[PDB]
Visitor: 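Below you'll find the structure I mean.
Below, each value reflects all heavy atoms present in this structure, side chains not excepted, and no hydrogens, waters or symmetry copies. In what follows, chains are A, B, ... by sequence order, proteins preceding strands, each numbered from 1.
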Amino acid sequence: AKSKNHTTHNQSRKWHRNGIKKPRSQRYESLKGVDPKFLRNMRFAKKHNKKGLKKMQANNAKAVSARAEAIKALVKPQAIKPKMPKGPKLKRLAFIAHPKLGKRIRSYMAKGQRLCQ
Amino acid sequence: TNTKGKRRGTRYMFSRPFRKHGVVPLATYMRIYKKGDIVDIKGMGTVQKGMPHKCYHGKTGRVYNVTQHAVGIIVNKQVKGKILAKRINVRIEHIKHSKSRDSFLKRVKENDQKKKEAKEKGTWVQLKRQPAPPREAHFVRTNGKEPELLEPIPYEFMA
Amino acid sequence: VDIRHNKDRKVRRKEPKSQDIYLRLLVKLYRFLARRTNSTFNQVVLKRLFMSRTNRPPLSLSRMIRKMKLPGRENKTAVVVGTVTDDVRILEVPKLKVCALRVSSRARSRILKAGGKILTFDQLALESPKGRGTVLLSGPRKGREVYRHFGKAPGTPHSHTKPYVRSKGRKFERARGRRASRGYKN
Amino acid sequence: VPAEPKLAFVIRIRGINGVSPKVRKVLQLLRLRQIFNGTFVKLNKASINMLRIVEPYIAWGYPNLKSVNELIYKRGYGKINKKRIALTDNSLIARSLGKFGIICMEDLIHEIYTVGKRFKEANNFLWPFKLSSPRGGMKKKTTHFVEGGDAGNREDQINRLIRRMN
Amino acid sequence: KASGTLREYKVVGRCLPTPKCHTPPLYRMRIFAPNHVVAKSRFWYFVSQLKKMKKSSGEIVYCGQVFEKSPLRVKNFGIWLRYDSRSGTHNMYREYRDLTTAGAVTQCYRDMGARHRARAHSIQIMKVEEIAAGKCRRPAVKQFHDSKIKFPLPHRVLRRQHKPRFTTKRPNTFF
RNA sequence: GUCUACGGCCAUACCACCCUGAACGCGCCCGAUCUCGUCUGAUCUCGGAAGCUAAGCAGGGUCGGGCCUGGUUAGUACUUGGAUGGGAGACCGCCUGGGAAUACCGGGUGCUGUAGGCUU
RNA sequence: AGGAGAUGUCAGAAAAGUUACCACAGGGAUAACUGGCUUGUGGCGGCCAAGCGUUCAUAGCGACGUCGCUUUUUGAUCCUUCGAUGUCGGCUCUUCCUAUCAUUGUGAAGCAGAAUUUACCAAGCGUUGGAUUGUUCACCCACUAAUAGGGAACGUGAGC
RNA sequence: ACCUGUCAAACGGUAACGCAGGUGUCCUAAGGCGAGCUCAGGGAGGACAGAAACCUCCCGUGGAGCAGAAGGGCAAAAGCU
RNA sequence: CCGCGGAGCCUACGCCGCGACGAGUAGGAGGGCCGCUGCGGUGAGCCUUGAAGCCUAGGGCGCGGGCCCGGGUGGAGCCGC
RNA sequence: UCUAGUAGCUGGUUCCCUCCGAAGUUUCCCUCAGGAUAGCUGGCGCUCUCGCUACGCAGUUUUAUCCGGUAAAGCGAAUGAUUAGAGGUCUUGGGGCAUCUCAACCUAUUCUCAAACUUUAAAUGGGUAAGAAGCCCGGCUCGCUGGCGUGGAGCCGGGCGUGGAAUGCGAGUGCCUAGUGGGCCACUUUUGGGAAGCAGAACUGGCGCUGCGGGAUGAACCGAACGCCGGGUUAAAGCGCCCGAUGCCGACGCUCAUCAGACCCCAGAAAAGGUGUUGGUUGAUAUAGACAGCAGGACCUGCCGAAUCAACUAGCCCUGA
RNA sequence: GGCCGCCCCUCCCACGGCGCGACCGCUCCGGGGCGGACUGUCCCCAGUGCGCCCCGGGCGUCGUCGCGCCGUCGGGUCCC
């Protein structure tokens, strides 16, 4: 006859089995609900963006020329090949142990360890 | 079961604070809310129009629409194991700017300027926050004064 | 201990469900290429050879011409793991090098009459073992009728999804719930 | 007053039956998914408050140089391509950790012990240690250490426990 | 807490320096604990209920064991303690004879458990000092202040049972 | 050092009573033809400039009430987590963290924005 | 296309009863016995001591309060049993309990004797014949040492 | 089928033939706007006048009112005219 | 090249290596050289020198579903892929 | 014969192994032994991601920043409830008799309270943020807004990687979808009831779906979760014998019961008592002489000549039983 | 070849301690002369703080700057 009325037992366990997923975020969101008078203007603003394309291109070209001049005014430096460190023994031994920068020094050291030559 | 009334159990959450009733201060109407900024929702019982539902009191969201007297907010609400982004219209009196966002925007500013100062000075500066590190080693001087000897006090049955 | 096992087995195709021996020979060929070559093109082709027919939609001739006319795509081979169909709404066909599993007879005639070349995937391996100079195209995967019925339910406010309807007319699911004059319209 | 320690070793001392959801979550963030699993934890206010949540479930303390040596040498395994690989040669360490400057078992021990930069990478490389049952038994698994039990922060006594489980 | 054979620890601590107070006072207690880990926890238990100082706002400046100065000299110890019974809390003064201060305190914990079913968590020991023979008050301790102490060992129970476990001779307990 | 017009925060600004207020101002004040409104030119509206700081207003005062703020209460009350702790129970102790509120005792008693004056 | 006439069992069938002559599918998801938890109520005890007892709180009682025990009352609940645990009482017969009416041995008294009351060890032994009532219960008549109280599936229907 | 306070363990949600209550209406204004006022109560006075008629001054943070129950809100208000 | 030669492999639906893991009602899915009856192909299959069926303290295989062989009985059909 | 009539109801429902694995809850229903619905499950995938010869996420913390009116506390603070004295007095007050005491009112205090009270106010909670979808420059568009070169939004170029807390982890997404929709137990919180192995809730864990070691036995307790095995070691619990393991020359005490006691849930006891014994607290006496005892006067003395008396408290044991 | 092993030495750095000065900030238990308020001992009285103004003392976590002296299985591929 009589039965249980209500419970939220085991409900939180069911929810977390697949996770309480936060809503997905998109870079662009819906314009649904924002002021209709505001929508009407924004569409008119987008509609006429084609006008002034000539002014945009001329201004962008001038900036590109200016930044090209700035790049030319600067010179990219060129580094030198790393040399054998002197002081720290660990730094010197890491340089010798480097497969690329240590190849020549290792050959000289190995040629020195040769016995009965 | 209980009722589904809209203001059930809002006896204290929509009441005005003690000795703070009366006219709404006018700077609350002068706060300016743009599209994209984060606002705290806190219903005020003095104004009965545009009142947020009780489930949004204490919630924080961001402005997506601005009207003459109200603001549309995208607020996260948990519903039986799923979180959904609700859109609600709340009059200006029931919202205020959220100071957590203001603090972060300041930290971005001091970070960018510290990068510029570091590059111009040829130095390296720490920009990531770090959790409270373990206390460093230090000396504690006694100053020729012995530590005071503490001792548990006897029990006394008061009134 | 203290782990979950409901997602341990990944559900994906490791072989074609087909018994077509010719597809099985191309799978044998591109299984070798995906292993012994660092090309990610050979890996993508191998996956699509396993895939079902609904996941290999036909590619229209018009759409391939659209995608092969984009800048920098000249003198490249259009690769389709699927069928190349003819579009009668296109009247001029340029010269194209297309590799596909299947090409419809009219599409093959139009491509060959234009001066183009049709290749199979075994000739594509011999010509471009790495997949160099190719455009990997695909047909519209959600461009079939079942996807008009999927998603938010029709009787739910902002849903534009097609109901399952036996016949189309004024007397078939148009009154109550689709109209403010009959109950409601959400 | 010496600097309060920067390194902790945490051993799960409880099973997986009837664990509260918050304690369960913190334990898998510490990678203690099994009983008598151990790991090194960098000590700061973020981690310490995490260890307070799981206090009845763990026995932790401050390892010494011998403890970090025996753990890494005797039952130290690497997480190489999502596999539990025994550290038999220094090449395994160099291939996964050599970009940070760790190329041998000595570098990894120095990295864990004198915790500094790249402790996150060196410690996460180590698979959570699978320690045996403590030889000689325990006092009381269900009670804190300062009450004659097992749980909580035994600050320097953790090395006695490591000698018996490793 | 629990017990083994307790040691004495001198634990000195203080509050962390604050802009309000750059040099907070140092506080010292004598704590009897099985190990130094329990000693520091016991220090924070007392100093928090006395001086409003919590562990999170303070630090342990020092914690070392206090060795017995005359471990080969027999002494009398007075213990001032307070303990919680099943109904009420009480103040007690007790005497013990021992060679070390820590051993006398361990005797007191055993004796409180034996005579009053008091557990260690319910006991607070507030004073332990060495008492001259003339200032002792309990007859159990005073009877050993006798320069010609002399007693036999009447009825010695055979403790080496089970060593033969089956013997022809019945044991003699006179000696 | 101050005031006026418009304000922001809405008592550290309020309330009771006493003292002082230079110069501008703010007022009290004089009057009812016009504008306007009343039982009543009291209020409101309008036209003034003989007098006065008595009042409002400003500043100060009071072992002042209130208000604000800090000690104390108090690591007390309460409380997250723990135990094959205690107790017949009621309830209580301990471990691990957080941690209040009266009475009682001190300190303070508006800050300020825009524009325009006086202190010549 | 927009209003209105209504469904209150209010997401909205058009709807009176009886069955002891009854039927079916089921239910121990659910009542009417025992049993089990509980003991309010019933019953039986204890503590304090305001008074009663000529005098005197406690020989014997015991107000105002308060702590228990029992399951021979009645409730409360619905755990077991509805493809069935035969149901009130009496008759017959055995055993058990003691919270003892008598009898054996005692202690106390407001115990002079007689009679009586209070308490202890104690259930070995005994606790009847009848009028009225279906009765348990009750009541009366008459003997008696006394005519105590109860349990055992509210013992006991393939025993009546 | 609905609403108020509480239960309900300071987000939200939360049961019982739980507790305390209300509803199937009422309003051309008690809807809307503007202006001007301040309410309950109390003290002290004034012919008949008295514990309660009306007039006047003073105090009054709302202790009144806002139609329905309750909670919230409200003072040159949302109250009265 | 004074030797003229050098194991196995790879039913690719195959073979090999490394690491972690293994409870289960209701329920879902996969594999089955598990089993039954009939049909199309195939085994130059088996069988009166003994088919099916039945019995078995025999020899065995497979985690298991089951299966193969020995022996006895039987007398005309039966099985593998 | 229609007829194998219908049944939300009872009974049954046939081979093996492998992998994954629930629900008794929400809303609607002449709905309460049933359904539809969401949730929980499985299957099929698919889109991507990292690495060798990171697209992002989280039953966690930290750092910032909001939200709240429960525990507590308060009533010489509001609303209600409420005890007792004190100091003054207008008294449409009364009584005993020029009156005087009471009552009333006021003022300053005081005792005790609130789920449907509150100035104050936790712990544990809940929300948001912790960057490349960012930051900073230059330009263009607008019919919206407008003193304005205004404002707001949009769009087009350019520059800046110290990747802007800790820890851990590979993620995202579509279709189809069975069973379930009687629950029950425990710590803590909590409503009704004297209470219940009673009825009803919150949170978490568990039993149901689950065996294993221990609690003698037992759905739920304690420990721990399971492929077939060998070695080693533990948990909870134990080690007289049943029965593996104290056959330790174990340590200190307490306790004798003519109903002794003997281990979470848990399976039986209270108020009140004891000159049983053991501790402890407070007070007091005693060299002029203690307490006893031997007697007198009637509280004092002489004789013995060093500890004693009282009240209370709490352990085991005993009465209550 | 280098380092360590015992003796005058030698420089720098780090930590701790002890003094010496200089500079800075708070404070009065302070002194001296300039204006405001206070007291039922107010004309002959007695106090209270406030501005410039320089001397005296203290503290500053034991502030900053240096200078010395003492200690260290101290550090500088074990300084020269």
Side-chain angles (χ1 to χ4, degrees), chain A residues 1 3 5-8 10-11 14 16-17 27 37-38 41-42 44-46 48-49 51-52 55-56 59-60 63 67 87-89, chain B residues 3 5 10-15 18 25 27 38 40 42 45-46 48 55 57-60 80 98-101 103-104 108 111-112 115 127-131, chain C residues 5-6 9 11-12 28 55 150 181, chain D residues 15 17-18 20-22 25-26 28-29 31 44-47 49-50 52-53 55-56 81 83-84 95 132-135 137-138 141-144 146-147, chain E residues 22-23 48-49 52 84-86 90 92 107 110-111 114-117 119 121-122 159-160 162 165:
Chain A
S3 64
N5 302 103
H6 160 80
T7 201
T8 36
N10 193 65
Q11 299 316 298
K14 292 163 73 204
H16 284 97
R17 270 209 208 90
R27 159 172 210 169
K37 197 214 244 213
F38 176 82
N41 181 58
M42 197 201 339
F44 286 147
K46 292 192 229 218
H48 299 295
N49 251 317
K51 320 171 18 175
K55 317 154 66 59
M56 257 190 288
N59 296 350
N60 289 353
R67 74 106 174 185
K89 186 187 194 165
Chain B
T3 73
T10 59
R11 169 164 176 173
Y12 303 108
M13 100 169 44
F14 283 162
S15 69
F18 186 59
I38 297 99
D40 306 307
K42 188 213 234 212
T46 302
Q48 292 92 22
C55 65
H57 190 102
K59 302 297 141 80
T60 326
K80 258 182 212 74
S98 147
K99 287 177 55 195
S100 52
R101 191 65 187 164
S103 169
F104 167 67
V108 177
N111 273 8
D112 278 13
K115 274 179 184 170
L127 293 179
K128 277 191 211 71
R129 289 172 305 159
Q130 294 175 334
Chain C
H5 295 293
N6 67 322
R9 181 171 72 77
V11 189
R12 36 151 201 251
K28 281 191 208 223
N55 290 326
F150 296 161
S181 68
Chain D
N17 293 103
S20 68
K22 187 176 269 39
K25 175 94 226 164
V26 177
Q28 43 212 29
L29 288 184
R31 299 189 300 160
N44 46 94
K45 170 118 145 153
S47 51
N49 287 23
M50 282 179 79
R52 159 137 56 260
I53 286 177
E55 200 178 16
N81 194 37
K83 276 136 154 183
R84 184 171 177 267
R95 281 151 190 291
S132 196
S133 300
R135 188 181 60 257
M138 323 160 69
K141 106 184 308 173
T142 66
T143 278
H144 197 272
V146 305
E147 337 172 82
Chain E
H22 286 73
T23 39
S48 147
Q49 91 194 352
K52 200 120 154 215
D84 295 342
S85 98
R86 299 174 193 155
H90 317 271
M92 295 187 147
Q107 256 176 248
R110 268 64 164 140
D111 185 26
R115 294 192 198 277
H116 303 296
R117 319 302 163 157
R119 276 78 167 175
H121 69 79
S122 72
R159 314 273 69 219
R160 206 88 176 284
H162 311 279
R165 179 126 142 177

Visitor: So, is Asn49(A) near the phosphate of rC156(J), with a side-chain N or O under 4.0 Å from OP1 or OP2?
Guide: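 No, outside the criterion.
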
Visitor: What nucleic acid atoms does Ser103(B) come within less than 4.0 Å of, heavy atoms only: base, sugar-phosphate, or nothing?
Guide: sugar-phosphate

Visitor: In the structure shown, which nucleotide is the Watson-Crick or G-U wobble counterpart of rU70(G), with both distances under 3.5 Å?
Guide: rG42(G)

Visitor: Taking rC15(J) as the reference, what is the distance to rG66(I) when you measure between their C1' atoms (whole Å, please)?
Guide: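 Taking atom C1' in both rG66(I) and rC15(J), they lie 10 Å apart.
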
Visitor: Within less than 4.0 Å of OP1 or OP2 of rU162(J), is there a side-chain N or O belonging to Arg129(B)?
Guide: no

Visitor: Sort out the partner of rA104(J) for me: Watson-Crick or G-U wobble, both distances under 3.5 Å, none otherwise.
Guide: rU89(J)

Visitor: OP1 or OP2 of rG81(F) sitting under 4.0 Å from any side-chain N/O of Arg52(D)?
Guide: no

Visitor: Between the side-chain atoms of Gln130(B) and the base atoms of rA166(J), is any donor-acceptor pair under 3.5 Å?
Guide: no

Visitor: Taking only N and O in the side chain of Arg9(C), is any of them less than 4.0 Å away from OP1 or OP2 of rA20(I)?
Guide: no

Visitor: In whole angstrom, give me the gap between the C1' atoms of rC228(J) and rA236(J).
Guide: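 My reading of the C1' atoms in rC228(J) and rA236(J) gives 28 Å.
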
Visitor: Can you tell me if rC9(I) puckers north or south, using the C1'-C2'-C3'-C4' torsion sign?
Guide: south

Visitor: Contact class for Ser3(A) (heavy atom, under 4.0 Å): base, sugar-phosphate, or nothing?
Guide: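 If one applies the 4.0 Å heavy-atom cut-off, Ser3(A) turns out to touch the sugar-phosphate alone, with no base involved.
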
Visitor: Base, sugar-phosphate, or nothing: which does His144(D) touch, judged by heavy atoms less than 4.0 Å apart?
Guide: sugar-phosphate

Visitor: Indicate, yes or no, whether a donor-acceptor pair under 3.5 Å links the base of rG51(J) to the side chain of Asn81(D).
Guide: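 Indeed, a donor on one side and an acceptor on the other fall under 3.5 Å apart.
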
Visitor: So which nucleotide does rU128(J) pair with, by the Watson-Crick or G-U wobble rule with both distances under 3.5 Å?
Guide: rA64(J)

Visitor: Under 4.0 Å, counting only non-hydrogen atoms across every strand here, what does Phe104(B) touch: a base, just sugar-phosphate, or nothing?
Guide: base

Visitor: Is there a donor and acceptor pair, one atom on the side chain of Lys52(E) and one on the base of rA74(F), closer than 3.5 Å?
Guide: yes

Visitor: Determine the contact category for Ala27(B): base if any of its heavy atoms lies under 4.0 Å from a base atom, sugar-phosphate if only primed atoms, P, OP1 or OP2 are that close, otherwise nothing.
Guide: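 Sugar-phosphate only.
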
Visitor: Just name whichever nucleotide pairs with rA195(J), Watson-Crick or G-U, keeping both distances under 3.5 Å, else none.
Guide: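 Partner of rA195(J): none found under 3.5 Å.
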
Visitor: Between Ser47(D) and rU167(J), is there a side-chain N or O to OP1/OP2 distance below 4.0 Å?
Guide: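 The answer is no; no side-chain N or O of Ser47(D) sits under 4.0 Å from OP1 or OP2.
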
Visitor: Going from CZ on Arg119(E) to CZ on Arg117(E), what distance comes out if it is rounded to the nearest 0.5 angstrom?
Guide: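 So the gap between those two atoms works out to 8.5 Å.
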
Visitor: Any stacking for adjacent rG182(J) and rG183(J) under the 5.5 Å centre, 30° plane criterion?
Guide: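 Result for this step: unstacked.
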
Visitor: Is the closest side-chain heavy-atom distance between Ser85(E) and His116(E) below 4.5 Å?
Guide: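 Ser85(E) does not reach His116(E) side chain to side chain.
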
Visitor: For the adjacent pair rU79(F)/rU80(F), please state whether the pyrimidine-type six-membered rings satisfy a centroid distance under 5.5 angstrom and an interplanar angle under 30 degrees.
Guide: no

Visitor: Can you tell whether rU72(G) is stacked with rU73(G), judging only by whether their six-membered base rings have centres under 5.5 Å apart and planes under 30 degrees?
Guide: no

Visitor: Any Watson-Crick or G-U wobble pairing between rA216(J) and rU60(J), both distances under 3.5 Å?
Guide: no

Visitor: Under a 3.5 Å limit for both distances, which nucleotide forms a Watson-Crick or G-U wobble pair with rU281(J), could you say?
Guide: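 Because both required distances fall under 3.5 Å, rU281(J) counts as paired with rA311(J).
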
Visitor: Between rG27(G) and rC78(G), how far is it from one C1' atom to the other, in whole Å?
Guide: 15 Å

Visitor: Using a cut-off of 4.0 Å on non-hydrogen atoms, how would the nucleic acid contact of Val11(C) be classed: base, sugar-phosphate, or nothing?
Guide: base

Visitor: Could you check whether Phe44(A) gets within reach of a base, just the sugar-phosphate, or nothing at all, counting any heavy atom under 4.0 Å?
Guide: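 Result for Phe44(A) = base.
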
Visitor: What does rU79(J) pair with, Watson-Crick or G-U, if both distances are under 3.5 Å?
Guide: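 Pairing partner, where one exists within any strand: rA114(J).
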
Visitor: Just N and O in the side chain of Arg110(E): are any of them under 4.0 Å from OP1 or OP2 of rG253(J)?
Guide: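 Negative; the distance criterion is not met.
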
Visitor: Less than 4.0 angstrom between a side-chain N/O of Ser85(E) and OP1 or OP2 of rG315(J), yes or no?
Guide: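 Affirmative; the distance criterion is met.
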
Visitor: Is the phosphate of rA202(J) approached by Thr8(A) (side-chain N or O, under 4.0 Å from OP1 or OP2)?
Guide: yes

Visitor: Whether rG105(G) and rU106(G) stack: are their six-membered ring centres under 5.5 Å apart and their planes inclined by less than 30°?
Guide: yes

Visitor: Using atom P of each nucleotide, how far apart are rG172(J) and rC55(J) to the nearest Å?
Guide: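 Result for the P pair: 15 Å, nearest Å.
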
Visitor: Within the structure shown, what part of the strands sits under 4.0 Å from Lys115(B) by heavy-atom distance: base, sugar-phosphate, or nothing?
Guide: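 The answer is base, as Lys115(B) lies within the cut-off (heavy atoms under 4.0 Å) of a base atom.
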
Visitor: What's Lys14(A) touching, base or sugar-phosphate or nothing? Going by heavy atoms closer than 4.0 Å.
Guide: base

Visitor: Any side-chain N or O of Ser181(C) under 4.0 Å from OP1/OP2 of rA1(G)?
Guide: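 True: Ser181(C) side-chain N/O within range (under 4.0 Å) of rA1(G) OP1/OP2.
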
Visitor: By sign alone, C1'-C2'-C3'-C4' of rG146(J) puts its sugar north or south?
Guide: south

Visitor: Roughly how many Å apart are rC57(F) and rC59(H), using the P atom of each and rounding to a whole number?
Guide: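 It comes out at 14 Å once rounded to the nearest Å.
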
Visitor: Using whole Å, what does the distance between atom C1' of nucleotide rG161(J) and atom CG of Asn111(B) come to?
Guide: 13 Å

Visitor: Check the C1'-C2'-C3'-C4' sign on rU177(J) and let me know if the sugar comes out north or south.
Guide: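 Pucker of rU177(J): north.
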
Visitor: Taking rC318(J) as the reference, what is the distance to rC254(J) when you measure between their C1' atoms (whole Å, please)?
Guide: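 That atom pair is separated by 16 Å.
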
Visitor: Take atom NZ in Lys45(D); do more than 12 heavy atoms of anything else shown fall under 6.0 Å from it?
Guide: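 Result for NZ/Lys45(D): open.
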
Visitor: Can you tell me if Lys141(D) touches the phosphate of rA224(J), counting only side-chain N or O atoms and a distance under 4.0 Å to OP1 or OP2?
Guide: yes

Visitor: Just to be sure I understand the rule, does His90(E) reach a base, reach only the sugar-phosphate, or reach nothing, if contact means heavy atoms closer than 4.0 Å?
Guide: sugar-phosphate

Visitor: What contact category does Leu127(B) fall into here, base, sugar-phosphate, or nothing, at under 4.0 angstrom with non-hydrogen atoms?
Guide: base

Visitor: Using a cut-off of less than 4.0 Å, is there contact between a side-chain N or O of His57(B) and OP1 or OP2 of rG68(J)?
Guide: yes

Visitor: Would you kindly check whether a donor in the side chain of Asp40(B) faces an acceptor in the base of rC67(J), or vice versa, at under 3.5 angstrom?
Guide: no

Visitor: Within the structure, does a side-chain N or O atom of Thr7(A) lie under 4.0 Å from either OP1 or OP2 of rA201(J)?
Guide: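 False: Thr7(A) side-chain N/O out of range (4.0 Å or more) of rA201(J) OP1/OP2.
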
Visitor: What's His16(A) touching, base or sugar-phosphate or nothing? Going by heavy atoms closer than 4.0 Å.
Guide: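 Base contact.
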
Visitor: Answer with base, sugar-phosphate or nothing: what part of the nucleic acid does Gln107(E) contact at a heavy-atom distance below 4.0 Å?
Guide: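 It contacts nothing in the nucleic acid.
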
Visitor: Give the rounded distance in Å between these two atoms: CE of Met13(B) and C1' of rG73(H).
Guide: 16 Å

Visitor: Could you check which nucleotide pairs with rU104(G) in any of the strands shown, counting Watson-Crick or G-U wobble with both distances under 3.5 Å?
Guide: none

Visitor: Centres under 5.5 Å and planes under 30° for the six-membered rings of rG276(J) and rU277(J)?
Guide: yes

Visitor: Reckon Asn49(D) touches a base, only the sugar-phosphate, or nothing at all at heavy-atom distances under 4.0 Å?
Guide: sugar-phosphate

Visitor: Please determine whether a side-chain nitrogen or oxygen atom of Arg115(E) lies at a distance below 4.0 Å from atom OP1 or OP2 of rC254(J).
Guide: yes

Visitor: Identify the nucleotide, in any strand shown, that forms a Watson-Crick or G-U wobble pair with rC144(J), with both distances under 3.5 Å; if there is none, say none.
Guide: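 Paired with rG151(J).
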
Visitor: Ignoring backbone atoms, establish whether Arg12(C) has a side-chain N or O less than 4.0 Å from OP1 or OP2 of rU47(J).
Guide: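 False: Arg12(C) side-chain N/O out of range (4.0 Å or more) of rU47(J) OP1/OP2.
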
Visitor: Once you look at the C1'-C2'-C3'-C4' sign, would you call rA16(G) north or south?
Guide: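 Judging by the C1'-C2'-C3'-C4' torsion, which comes out positive, the sugar of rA16(G) sits north.
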
Visitor: How would the sugar of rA307(J) be described, north or south, if a positive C1'-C2'-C3'-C4' means north and a negative one means south?
Guide: north

